[PDB]
Amino acid sequence: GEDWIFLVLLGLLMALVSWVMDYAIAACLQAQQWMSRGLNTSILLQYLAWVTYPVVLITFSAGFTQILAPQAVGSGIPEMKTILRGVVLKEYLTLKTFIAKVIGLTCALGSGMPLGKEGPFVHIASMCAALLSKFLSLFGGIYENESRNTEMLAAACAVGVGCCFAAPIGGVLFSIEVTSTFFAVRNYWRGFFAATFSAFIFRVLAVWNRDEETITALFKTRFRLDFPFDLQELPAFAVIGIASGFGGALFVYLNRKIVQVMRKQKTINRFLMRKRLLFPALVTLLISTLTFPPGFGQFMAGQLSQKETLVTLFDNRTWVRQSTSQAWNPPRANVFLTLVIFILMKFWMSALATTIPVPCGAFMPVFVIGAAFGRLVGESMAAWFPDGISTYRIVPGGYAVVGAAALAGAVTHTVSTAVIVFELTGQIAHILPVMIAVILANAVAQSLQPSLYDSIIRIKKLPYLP
Amino acid sequence: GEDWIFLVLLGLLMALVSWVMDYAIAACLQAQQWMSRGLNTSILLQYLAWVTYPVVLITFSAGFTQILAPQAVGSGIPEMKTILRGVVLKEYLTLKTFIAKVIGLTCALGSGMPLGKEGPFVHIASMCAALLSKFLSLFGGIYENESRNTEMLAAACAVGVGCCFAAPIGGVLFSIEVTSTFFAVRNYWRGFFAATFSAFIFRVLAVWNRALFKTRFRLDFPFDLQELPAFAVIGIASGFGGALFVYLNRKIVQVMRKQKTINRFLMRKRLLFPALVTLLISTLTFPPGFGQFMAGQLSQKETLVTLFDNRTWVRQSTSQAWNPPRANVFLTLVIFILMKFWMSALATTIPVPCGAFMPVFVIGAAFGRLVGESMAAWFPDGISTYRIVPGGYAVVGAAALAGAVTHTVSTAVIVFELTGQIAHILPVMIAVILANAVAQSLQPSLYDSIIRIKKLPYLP
Ligand SMILES: O=C(O)c1cccnc1Nc1c(Cl)ccc(OCc2ccccc2)c1Cl
Ligand SMILES: O=C(O)c1cccnc1Nc1c(Cl)ccc(OCc2ccccc2)c1Cl
Ligand SMILES: [Cl-]
Ligand SMILES: [Cl-]
């Protein structure tokens, strides 16, 4: 069957495209730190370099995107949910939109702005499906139909999320929850088949490389295997779920409220529609200025990238017991204050930064806010019970995994975040805690606000089935 | 909200029912061992006790089923697939059918017979859902909607498979793949909710009155990239074997229909078929006789716990059962595989409440362990500081053959929750995908094959 040649080529090309983008994003983030370490000659020369380099990468991302393909701003998922519902869009799967996203996303993330890649990876995979089916001319000529287009793009959304999180089953399951309302079991088998082939290519690349480029071997946790938690502390993992449900409902509300204000302020909007590159540059300058380590970044671990922040929050050691915890315990504050200020600052910075005219997603931004809030509860438990909830003392890094999944699930309207965190953290010992928090987060988030992508659909005035 | 009160109570009742049944099955299997070791002075009395005890339990299970509810016979997935397509079955969700499935399955599994409970748990959970939805005051001709009822029967399949395997996510994904053609996202959220409340009650009971198959392999370099062809061969060979099982089951049912004089002779004296097949299996399972050459002294749980063992056996514990003084590990695994294959295809046809997942999962574990131990014999120092892990190949082969028989891929998710580890994920998915690609090209699912055999409303 020709469809099983299509799905191995769709799985091969998205693994290469993901690995090439990740190599280019890392080189951009490393150059910021090298430049800072070089320019320790004066605080003003170090500050000038810290604010300038992000603003140059974001200004180039917005300008280059506007020149090739103005359709390439924002996330794929809220359009793909309408393309699979049978609605044609103007230029969306064309090679100019591919070139615009692969270059424009690499500059948006390499700036060090608080931005995700999931929605963009769903669009880039769908463009690989479309452009593949024409480069080898499988489409049009031989009994081809809109049904076969929708069936090949649905497996591409599954490969898109699967390559993003390095989570081959949880990516297939997440794609179904966000793009669809009924899914064929035959389409879940085709997603699972192509996702498994993308996973195989990542192991070959990682074996040919020095390491997994996904730090700590794809965020692999190293907690104890025996008595990792007690039934006496299930009431704490439940309060993470509920609070993450309210938190994710506020994030989606605030992001829509920001866009509605920029549309309602018509005089400023007319000025900015002439001055098209001004708004993305000013937002980048503000965020980089507050993240400046010698000024205010010391109270937010501002010197860390988004990988480095999450690798630190998932450590097996306890911080409140009297390697990178040093970024959370500066000479002027304790770890609890630094967690509370990081949570409060990253919340408004991430609801704002995702509105700017660049290719960007939003899942890693809410995943790290959730991990920090989970770690705040975990260290607070380890401080209240210093030697046992007897003999088995508390493990705060396992509370961070539960908070990550619970806030990401509330914002997304999803339960496959539970499956992703097992494949990602490399362990299953916290399964019951994760599933209680994730279902409590969804039970109250779905009672308060739509999903993030359903807000983006209604903001963009795409055709909506509630 | 009435839907969450229902999905809490359904998660509580199926977990309580599952626990009381596993207590009663373990008691019946302990009685067999006590009675056997109490007779170690007389081989003849020990053989008489060994074949009589299971023949009595099966004869009672068949007889008690045929008195209360003949519709309670066999695996309940094919009828639930048919009822979820909107076909009506007469008395298939009633209290007589429940009592017959609960007691009949307890007696059928409390015996050495190669039977499972996956299909019976899908039926028992659907009876709990019917009884709860009949009990609650929102029952009546204004609100007994077929949509409401079909929505809860779809969640009850997920609770039943979740309680069966003790795999709360994998049990929802398997229920979708076997009972449905469209994965509705709103019902996959209900399956996850109700499977969570059962997993909580299971741990509360595991404190106050005390998955079970948890493994302890390396976290560092458990397999090399040089080994993926051996996990692929397991998937390919597991595709042909999983197709052969569905064919062999159907041929056995067609032959007992075909031969008219034998058919009518047995149908007049209905208990002679389940009694005489139990007697032949028990006679071959008798340990001082032939049974030592197929580990006949272990139960199904005790067998599977030895197959997932973290040591290599071919280096040259209950796992000694695979190496009697007269035969090695390999010969005992090959004899086990071939004898269990025909015994399980046959035993799942007999007139008692029985499923078929554990019998195929165990043959896959022995076939996987056989390939793992072959690799560990061929590569004594690694494919170095790192040696091969044969118990990981047993997890791969067990996941692949259960997927090829059932036409599912979510046996990959089940195996990580059972084993408590996710390090073998790439090997498992490659073996499962090869096993389904090879099997779907040859035969229907075991459950579709039963729909054809039973002349139910098929839909390819
Ligand atoms: O931060 C860095 O140093 C970095 C370096 C190289 C490449 N990417 C980096 N970061 C990054 C960002 Cl900004 C957004 C998304 C993301 O996707 C995977 C993922 C994994 C788990 C949860 C949620 C998303 C990654 Cl890995
Ligand atoms: O054998 C015993 O000593 C035993 C004692 C008490 C209760 N059950 C026992 N066995 C058993 C049987 Cl017969 C059928 C099904 C099953 O579980 C579902 C499952 C679990 C893992 C893999 C694949 C299926 C179990 Cl655990
Ligand atoms: Cl992301
Ligand atoms: Cl079973």
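Proteins get letters first, then strands, A, B, ... in listed order; numbering begins at 1 in each. Keep in mind that the numbers below use all heavy atoms, side chains included, and drop hydrogens, waters and symmetry copies.
The closest donor-acceptor contact from the side chain of A:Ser75 to the backbone of A:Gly119 lies at 3.5 Å or more, if one exists at all. Within the 3.5 Å criterion, the main-chain N or O of A:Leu218 finds no donor-acceptor partner in the side chain of A:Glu212. Checking side-chain atoms of A:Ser175 against main-chain N and O of A:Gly171 turns up a donor-acceptor pair under 3.5 Å. A side-chain donor-acceptor contact under 3.5 Å links A:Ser451 to the backbone of A:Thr412. No side-chain donor-acceptor contact under 3.5 Å links A:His123 to the backbone of A:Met80. In this structure, the side chain of A:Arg203 does not engage the main chain of A:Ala206 through any donor-acceptor pair within 3.5 Å. B:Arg190 places no side-chain N or O within donor-acceptor distance of the main-chain N or O of B:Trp4, the cut-off being under 3.5 Å. In this structure, A:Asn334 contributes its side chain and A:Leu337 its backbone to a donor-acceptor pair below 3.5 Å. Remark: side-chain polar atoms of A:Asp387 are not paired, donor with acceptor, to backbone N or O of A:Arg393 under 3.5 angstrom. Side-chain N or O atoms of A:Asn255 include one that pairs as donor or acceptor with a backbone N or O of A:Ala351 at under 3.5 Å.
Here the closest heavy-atom approach between residue A:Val368 and residue A:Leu313 is recorded as O-CD1, 4.2 Å. When all heavy atoms are compared, the tightest approach of B:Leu7 to B:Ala194 is O-CB, 3.8 Å. Between A:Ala410 and A:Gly245 the shortest heavy-atom distance is CB-CA, 3.9 Å. Minimum heavy-atom separation, A:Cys360 to A:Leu115: CB-CD2, 4.0 Å. Minimum heavy-atom separation, A:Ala24 to A:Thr106: CB-CG2, 3.6 Å. For the pair A:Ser18 and A:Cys163, the tightest heavy-atom approach, listed with the atom from each and the gap, is OG-CB, 3.5 Å.
Within the 6.0 Å centre-distance limit, the rings of A:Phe363 and A:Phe174 are counted as a close aromatic pair.
Looking only at atom types and distance, the side chain of A:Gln427 has no donor-acceptor partner in the side chain of A:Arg222 under 3.5 Å away. Using modelled atom types, one finds a donor on one side chain and an acceptor on the other under 3.5 Å when comparing A:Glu177 with B:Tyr188.
By the 4.5 Å heavy-atom criterion applied to side chains, A:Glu213 and A:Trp19 are not counted as neighbours. A:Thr417 places none of its side-chain heavy atoms less than 4.5 Å from the side chain of A:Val421. With contacts defined as side-chain heavy-atom distances shorter than 4.5 Å, the pair A:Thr414/A:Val178 qualifies. Contact annotation: the side chain of B:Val159 never approaches that of B:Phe197 to less than 4.5 Å [non-hydrogen atoms, C-beta and beyond]. Annotation: side chain of A:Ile215 is in contact with side chain of A:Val311 (closest heavy-atom distance under 4.5 Å). Put simply, the side chain of A:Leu452 does not reach to within 4.5 Å of the side chain of A:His413, judged on heavy atoms. Contact of the A:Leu173 side chain with the B:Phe183 side chain is registered, since non-hydrogen atoms from C-beta on lie closer than 4.5 Å. Here the side chains of A:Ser455 and A:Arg256 are in contact, with some heavy-atom distance below 4.5 Å.
For the atom pair A:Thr214 OG1 and A:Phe165 CZ, the distance stands at 13.0 Å (nearest 0.5 Å). Residue B:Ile422 holds its CD1 atom at 8.0 Å from OG1 of A:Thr425, rounded to the nearest 0.5 Å. With rounding to the nearest 0.5 angstrom, the CD atom of A:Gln32 is 9.5 Å from the OG atom of A:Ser111. Interatomic distance, A:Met345 CE to A:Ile287 CD1, rounded to the nearest 0.5 Å: 11.5 Å. Taken from CG in A:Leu231 to CG in A:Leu234, the straight-line distance is 5.0 Å, to the nearest 0.5 Å. Here A:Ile169 contributes atom CD1 and B:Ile425 contributes atom CD1; the two are 4.5 Å apart, rounded to the nearest 0.5 Å.
Partner A:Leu304 forms a side-chain contact (heavy atoms from CB on, under 4.5 Å) with one of A:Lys307, A:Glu308, A:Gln306 and no other, that one being A:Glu308. Screening A:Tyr453, A:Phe251, A:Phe367 for a side-chain contact (heavy atoms from CB on, under 4.5 Å) with A:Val411, the sole residue that qualifies is A:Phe251. The ring pair (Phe, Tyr, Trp, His ring centres under 6.0 Å) test with A:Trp328 singles out one residue from A:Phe299, A:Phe342, A:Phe336, and that residue is A:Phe342.
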Stepwise side-chain contact (heavy atoms from CB on, under 4.5 Å) check, A:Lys101 with A:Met21: CA-CA 11 Å; A:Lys101 281 214 168 168; A:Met21 282 196 280; over 6 Å; no
Full working for side-chain contact (heavy atoms from CB on, under 4.5 Å) between A:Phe246 and A:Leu448: CA-CA 8 Å; A:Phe246 285 105; A:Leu448 290 168; 3.8 Å; yes
Full working for side-chain contact (heavy atoms from CB on, under 4.5 Å) between A:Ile436 and A:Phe237: CA-CA 7 Å; A:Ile436 290 167; A:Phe237 299 114; 5.7 Å; no
Intermediate values then yes/no, side-chain contact (heavy atoms from CB on, under 4.5 Å), B:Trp189 and A:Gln446: CA-CA 12 Å; B:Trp189 293 344; A:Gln446 302 196 11; 3.4 Å; yes
Derivation of the salt bridge (charged side-chain N to carboxylate O under 4.0 Å, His left out) call for A:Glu379 and A:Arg321: CA-CA 9 Å; A:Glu379 293 290 335; A:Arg321 285 286 81 82; over 6 Å; no
Ring pair (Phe, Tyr, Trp, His ring centres under 6.0 Å) between A:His430 and A:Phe223, intermediate numbers included: CA-CA 10 Å; A:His430 286 268; A:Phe223 313 131; 5.7 Å; yes
Candidate pair A:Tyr392 and A:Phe229, rule ring pair (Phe, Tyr, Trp, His ring centres under 6.0 Å), full reasoning: CA-CA 8 Å; A:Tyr392 292 109; A:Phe229 72 91; over 10 Å; no
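A:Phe200 CZ: 12 or fewer foreign heavy atoms inside a 6.0 Å radius. Annotation for B:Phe221: atom CZ counts as buried by contact number, over 12 foreign heavy atoms lying within 6.0 Å. Crowding of A:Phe292 atom CZ: a count of heavy atoms from other residues, nucleotides or ligands under 6.0 Å exceeding 12. Annotation for A:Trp384: atom CH2 does not count as buried by contact number, only 12 or fewer foreign heavy atoms lying within 6.0 Å.
Relative to the six-membered ring of A:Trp319, A:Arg375 meets both conditions, a distance below 6.0 Å and an angle of at most 45° to the axis.
Under the 4.0 Å criterion applied to side-chain N and carboxylate O atoms, A:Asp454 and A:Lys81 are assigned as salt-bridge partners. A salt bridge is defined here as a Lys NZ or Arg NE, NH1 or NH2 lying under 4.0 Å from an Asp or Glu carboxylate O, and A:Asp22 with A:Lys117 meets this definition. The pair B:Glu417-B:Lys214 does not meet the salt-bridge criterion, since no charged nitrogen lies less than 4.0 angstrom from a carboxylate oxygen.
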